[PDB]
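K.L.:
Sharing the initial chains of the complex here, in place:
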Amino acid sequence: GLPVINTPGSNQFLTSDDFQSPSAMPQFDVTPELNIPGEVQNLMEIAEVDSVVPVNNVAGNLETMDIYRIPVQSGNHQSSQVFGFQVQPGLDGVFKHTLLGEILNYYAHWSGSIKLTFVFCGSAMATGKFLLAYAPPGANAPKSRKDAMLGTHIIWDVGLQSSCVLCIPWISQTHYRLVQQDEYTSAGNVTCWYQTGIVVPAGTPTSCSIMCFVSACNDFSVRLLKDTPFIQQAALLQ
Amino acid sequence: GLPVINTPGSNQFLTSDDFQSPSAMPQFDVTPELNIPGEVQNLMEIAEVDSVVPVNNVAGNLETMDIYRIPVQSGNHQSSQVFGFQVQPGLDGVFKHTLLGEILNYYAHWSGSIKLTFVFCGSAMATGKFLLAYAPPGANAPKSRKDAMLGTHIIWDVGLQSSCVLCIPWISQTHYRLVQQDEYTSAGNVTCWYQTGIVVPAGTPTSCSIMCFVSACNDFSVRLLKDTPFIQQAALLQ
Amino acid sequence: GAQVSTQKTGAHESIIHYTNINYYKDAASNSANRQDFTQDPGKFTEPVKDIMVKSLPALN
Amino acid sequence: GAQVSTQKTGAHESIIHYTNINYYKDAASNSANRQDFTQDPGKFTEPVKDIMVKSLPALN
């Protein structure tokens, strides 16, 4: 008999342990592996894929394709801001059910730059320039184009290239932010404004839609696994 | 199955044990280390720093800046001893709440030489010489300058060098003394006397204060960890 | 006949490795491959024949 | 793949060492570093630019 001392922990069952265990089927000949296309290896591969953001998540659009359309139009509306939203990828309605959002919800920490792609869906004869701005935290949301252009921004010219990318660089006091974001880990907002109205020739629709896609950049990562708030049940036979 | 015998001790929880244990967070990516100034490595680094001794810990000074001032003055006061105190760094009121003292109270044994720095805070036109004496145990505290000068001492001349250091060399039958000192581990006393009064020109204050700082020398160490007598509670939500 | 590989690095910027021996006859009995970290976003973010250089128009 | 280092010396002025093997995948699981004894009092007792030789006046 070799002398032994059992340490605290002996006989416990830790959900996330990682030990060897006897097989109940000695020598089972597993069926050969088959090379299926589309192998996934890290959930970040999924978060790096664009998915459509429901920016227009206003009461009444919650179950209609509108929630995905940002309304924009011909005529003088400069004072009128096109849209705006908080940058809380795992928490605010605008993002939480997004491909990036659903993934963030299985973790408690995130870090990285985010890509917001905007695509114009008006007629080809339509024209226009928009100002896409991102404001790091510390002040309230810009209330005018003047205030918004003092932060990070691109001026998007609608043309043959239907899409424009506003990249939100990671600017934070800490290396990570809570997915369940609080004021301490605030990330700011992005707002959009007419830089020079939408002009259009006769015979074409005077209003169209802009769509918005989100995805993670390559400096993005997440930590600390946890369960999602999004799924539940009252009983078995689930 | 490899033969084994459990020895006494198996399954106990010893506060000061030192074993490996499973991590409840496999592969957690810890945040990068940052080089902060002021890294501490051994509590002795703290004990080696001077801190002000409350020598005048007389009733009524316990909550006023006086407890830190040793009164000294012009005129004939030679017979009058300036101050005196026991050398029990972790026990006597004069030392226990000192930087050196607070540290000693987390241990049961100490050993080493001690530095007592005295700084004169009278006007620059003030003058004077003091006799700082340390008497190893075995007799009662010197009752006169005659008796005090027979022991270890420096004669301090007030001048541009505002401070003087009386170093208490380690003289003991044993290598260590109890922080909770008893007569068996007695360390003696230090007393101070006018060597030649305080002389001053006209127009200047006839009385001033001398402050006293304590710190450990480089031959100082402590052993046998224990809890401090100084902190407590009656209930939780502490 | 054992294997030594490195531990995931913790609380600081040789004793940072562990040893393992397999005691069972089936690979199924082994512990998880928590240390394999490959990646290929491409399958999904860019499955277009005709390489998109993107610094160039993308159309035209 | 184990490590052998010396024990803290006890009750007397080769068998004074021990061996250790890490069984876990995370550094957090390891035992304490009770044997590291560095020191730098300077940060605190002497944070003065202009080196004080002290055997010399210190002022003047």
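P.N.:
Sure thing, it's come through. Numbering: from 1, shown residues only, chains lettered A, B, ... in the order given.

K.L.:
nearest residue to the residue of chain C found nearest chain B other than its sequence neighbours?
P.N.:
The nearest approach of chain C to chain B comes at residue C:13, 3.8 Å away (Cβ to the nearest Cβ). No exception for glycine: its C-beta is placed from N, CA and C like everyone else's. For residue C:13, ignoring the flanking residues on the chain, the nearest one in space by Cβ to Cβ, 6 or more residues apart in numbering or on different chains is residue B:33 at 3.8 Å.

K.L.:
Surely the one you found touches residue C:12?
P.N.:
Yes - using Cβ atoms under 8 Å, residue B:33 is in contact with residue C:12, at 5.8 Å.

K.L.:
residue nearest the centroid of chain A?
P.N.:
For chain A, residue A:100 is the residue whose C-alpha lies nearest the centre (Cα atoms, centre = their mean; 4.3 Å).

K.L.:
wait, what's in contact with that one?
P.N.:
By Cβ atoms under 8 Å, 6 or more residues apart in numbering or on different chains, residue A:100 lies in contact with A:47, A:51, A:89, A:114, A:214-216.

K.L.:
Tell me the one among those nearest to residue D:19.
P.N.:
residue A:47 (45.5 Å; Cβ to Cβ).

K.L.:
Phi, psi for that closest one please.
P.N.:
Backbone torsions of residue A:47, given as degrees, to the nearest 10, read phi -70, psi -20.

K.L.:
separation between it and residue B:221?
P.N.:
55 Å (Cβ to Cβ, to the nearest Å).

K.L.:
next one: residue C:41
P.N.:
Distance, residue C:41 to residue B:221, by Cβ to Cβ: 58 Å.

K.L.:
how about the residues of chain C near chain B?
P.N.:
Residues of chain C lying close to chain B by Cβ under 8 Å from any Cβ of the partner chain are C:8-13, C:34-35.

K.L.:
Would you format these as a markdown table with neighbour count included?
P.N.:
As requested, the residues of chain C next to chain B are arranged in a markdown table below (neighbours: other Cβ atoms under 10 Å in any protein chain shown):
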| residue | neighbour count |
| --- | --- |
| C:8 | 17 |
| C:9 | 13 |
| C:10 | 17 |
| C:11 | 11 |
| C:12 | 10 |
| C:13 | 8 |
| C:34 | 12 |
| C:35 | 11 |
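
K.L.:
could the residues you listed be laid out in CSV, adding secondary structure?
P.N.:
Formatted as CSV, the residues of chain C next to chain B follow (DSSP: H, G, I helix; E, B strand; the rest coil):
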residue, secondary structure
C:8, strand
C:9, coil
C:10, coil
C:11, coil
C:12, coil
C:13, coil
C:34, coil
C:35, coil
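
K.L.:
let's put chain E on the structure above:
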Amino acid sequence: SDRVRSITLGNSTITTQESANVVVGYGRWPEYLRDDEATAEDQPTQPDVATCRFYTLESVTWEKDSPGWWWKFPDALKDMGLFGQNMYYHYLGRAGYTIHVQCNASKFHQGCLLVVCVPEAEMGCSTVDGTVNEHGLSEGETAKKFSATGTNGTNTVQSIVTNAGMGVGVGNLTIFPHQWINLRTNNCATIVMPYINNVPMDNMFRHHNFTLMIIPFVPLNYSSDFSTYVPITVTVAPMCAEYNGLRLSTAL
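P.N.:
Now chain E, sitting on the chains shown earlier:
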């Protein structure tokens, strides 16, 4: 002599004919944030001279019974020229400082001041089960005053000098960077503090990186010395200031 000394930052220079030494942080001189220590990704602004220079705060009077004074730090310089403007416009900031406390008297005066920089000096409330005010904590330039007795009042700091508003022994404040101003030998104190925090950068309004405390341990005294007025003046200069996360200015 080594009592003589001059310091120049930006368009400003300080001189002394009676200095002790110069204390440096925990032995660390200020440095700008390195790439392998950074998280905020945007390019920093480093105003340099416009910002890293000597700002002098409003002076205080040392009276025969003054308990002491204190100032919180990044806040306190918030209205000082471009250093303050850069504070208002950025979310994150980082800086070191050269602090120079000035107090001259005469060979016939006496007294002794402890001058300390306490990193992270969280203070306690007067009302034991209440909480402080930002006002009870700092008044920008000016300076809060310690007190000789226990204080009351909701929101104010329990300021009896004896416990330094932190619940410790004031006479142990020496583990922090500091110098003493002993009138008989010295007429100023100079401490260079490096940025100290548990994160590489931080917001300068929300967090008081450190507190400067001037506490007289031996009180001011003199005779027919037709000089009863003995002021103390604090001059400080940000060093290596860098800012990140630019946007509209913060709401006063």
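
K.L.:
What ranges does chain C have for its strands?
P.N.:
C:3-6, C:17-20 (DSSP state E).

K.L.:
which of the ones you listed is buried the deepest?
P.N.:
Most buried of these by mean neighbour count (mean count of other Cβ atoms under 10 Å in any protein chain shown) is strand C:17-20; its value is a mean of 15.

K.L.:
From one end of stretch E:145-162 to the other, what's the distance?
P.N.:
Separation of the first and last residues of stretch E:145-162 by Cα to Cα, to the nearest Å is 13 Å.

K.L.:
For it, what is the distance to the chain centroid?
P.N.:
Relative to the centre of its chain, stretch E:145-162 is centred 19 Å away, using Cα atoms, centre = their mean, to the nearest Å.

K.L.:
residues making contact with it?
P.N.:
With Cβ under 8 Å, 6+ apart as the criterion, stretch E:145-162 contacts B:63-65, E:65-70, E:123-128, E:130-133, E:135-137, E:144, E:164-165, E:170, E:213, E:215.

K.L.:
mind redoing it with 6 Å?
P.N.:
Contact partners of stretch E:145-162, identified using Cβ atoms under 6 Å, 6 or more residues apart in numbering or on different chains, comprise B:63, E:67-69, E:123-124, E:126-127, E:130, E:132-133, E:136, E:165, E:170, E:215.

K.L.:
go on, stretch E:127-138?
P.N.:
E:72, E:75, E:125, E:154-157.

K.L.:
Could I have the CA atoms of that stretch written out in CSV?
P.N.:
Presented in CSV, the C-alpha positions along stretch E:127-138 are these (Å, rounded to 0.1, in the frame of the first residue of the first chain):
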residue,chain,number,x,y,z
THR,E,127,-21.3,60.8,10.1
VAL,E,128,-20.2,57.3,10.6
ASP,E,129,-23.1,55.6,8.8
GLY,E,130,-23.4,58.3,6.2
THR,E,131,-21.4,59.0,3.0
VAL,E,132,-19.3,61.9,1.8
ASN,E,133,-19.9,64.6,-0.7
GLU,E,134,-17.6,65.6,-3.5
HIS,E,135,-17.6,68.9,-1.8
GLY,E,136,-16.5,67.4,1.5
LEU,E,137,-13.6,65.9,-0.5
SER,E,138,-12.2,68.7,-2.5
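
K.L.:
In chain C, which residue sits closest to chain A?
P.N.:
Here chain C gets closest to chain A at one residue, residue C:26, 4.2 Å apart by Cβ to the nearest Cβ.

K.L.:
Ramachandran angles for that residue?
P.N.:
Backbone geometry at residue C:26, expressed as degrees, to the nearest 10, gives phi -120, psi 140.

K.L.:
and chain F, same structure:
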Amino acid sequence: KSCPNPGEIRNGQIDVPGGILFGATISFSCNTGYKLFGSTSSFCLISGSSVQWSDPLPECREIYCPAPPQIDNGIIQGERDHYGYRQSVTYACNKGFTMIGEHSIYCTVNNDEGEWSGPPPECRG
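P.N.:
Let me put chain F in with the others:
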């Protein structure tokens, strides 16, 4: 708009929970061992063209205990006047007597008034 900076109360505290704009109220208190003389709060109001505080800052004042009690057959050591907060008085018994009790008492504050701490000692022959 806003009232001027409240300032500071010597040996006291000013609480400013709701800013210093018109309509704001600030509150005053004294440190332990000091008593408040004057108003305990001030309101920021508009009067003609000035925005000003309704009430000035109060004074926080200290306190002397009364002369210490005499004890039969003992003496107060070094008796003098003006025993302020935290100062103490000590006693000794006369030749022929022995003391029982605390040899010293302290000046404390109770309800804004100076009062001697514990009971004085007794001297027994």
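
K.L.:
Revisit the contacts of residue A:100 given that chain F is now included?
P.N.:
Here residue A:100 is in contact with A:47, A:89, A:214, A:216 (criterion: Cβ under 6 Å, 6+ apart).

K.L.:
what's the burial count for residue F:53?
P.N.:
18 (other Cβ atoms under 10 Å in any protein chain shown).

K.L.:
With adjacent residues omitted, what lies nearest to the residue of chain A found nearest chain F?
P.N.:
Across chain A, the shortest distance to chain F (Cβ to the nearest Cβ) belongs to residue A:140, at 17.3 Å. The shortest distance from residue A:140 to any non-neighbouring residue, by Cβ to Cβ, 6+ apart, is to residue E:251 (7.8 Å).

K.L.:
Over to that neighbour. Which of the three states is it?
P.N.:
Secondary structure, three-state DSSP: residue E:251 is coil.

K.L.:
And residue E:171, by the same measure?
P.N.:
helix.

K.L.:
which residues touch the residue lying closest to it once chain neighbours are set aside?
P.N.:
For residue E:171, ignoring the flanking residues on the chain, the nearest one in space by Cβ to Cβ, 6+ apart is residue B:52 at 3.4 Å. Going by Cβ under 6 Å, 6+ apart, residue B:52 touches B:68, B:213, E:171.

K.L.:
repeat that with 8 Å
P.N.:
B:68, B:98, B:211-213, E:171-172, E:174, E:217.

K.L.:
and if you look at residue E:103?
P.N.:
By Cβ under 8 Å, 6+ apart, the contact set of residue E:103 is E:62, E:113, E:181, E:183, E:187-188, E:230-233.

K.L.:
try residue A:210
P.N.:
Neighbours of residue A:210 in contact, by Cβ under 8 Å, 6+ apart: A:69-70, A:72, A:82, A:118-121, A:130.

K.L.:
shouldn't residue E:84 be in contact with residue E:76?
P.N.:
No - using Cβ under 8 Å, residue E:84 is not in contact with residue E:76; the gap is 9.8 Å.

K.L.:
For the two, indicate the residue with more neighbours.
P.N.:
Counted by other Cβ under 10 Å, residue E:84 and residue E:76 do not tie: residue E:76 has more neighbours, with 24 against 18.

K.L.:
Where does that one sit, in terms of helix or strand?
P.N.:
In the assignment (DSSP states H and E), residue E:76 maps to no helix and no strand.

K.L.:
which parts of chain C sit against chain D?
P.N.:
Counting by Cβ under 8 Å from any Cβ, the positions of chain C adjacent to chain D are C:2, C:4, C:7-12, C:14-19, C:34-35.

K.L.:
Give me the distance between the closest residue to residue E:231 other than its chain neighbours and chain C.
P.N.:
Nearest non-adjacent residue to residue E:231, counting by Cβ to Cβ, 6+ apart: residue E:59, 4.7 Å away. As judged by Cβ to the nearest Cβ, to the nearest Å, residue E:59 and chain C stand 45 Å apart.
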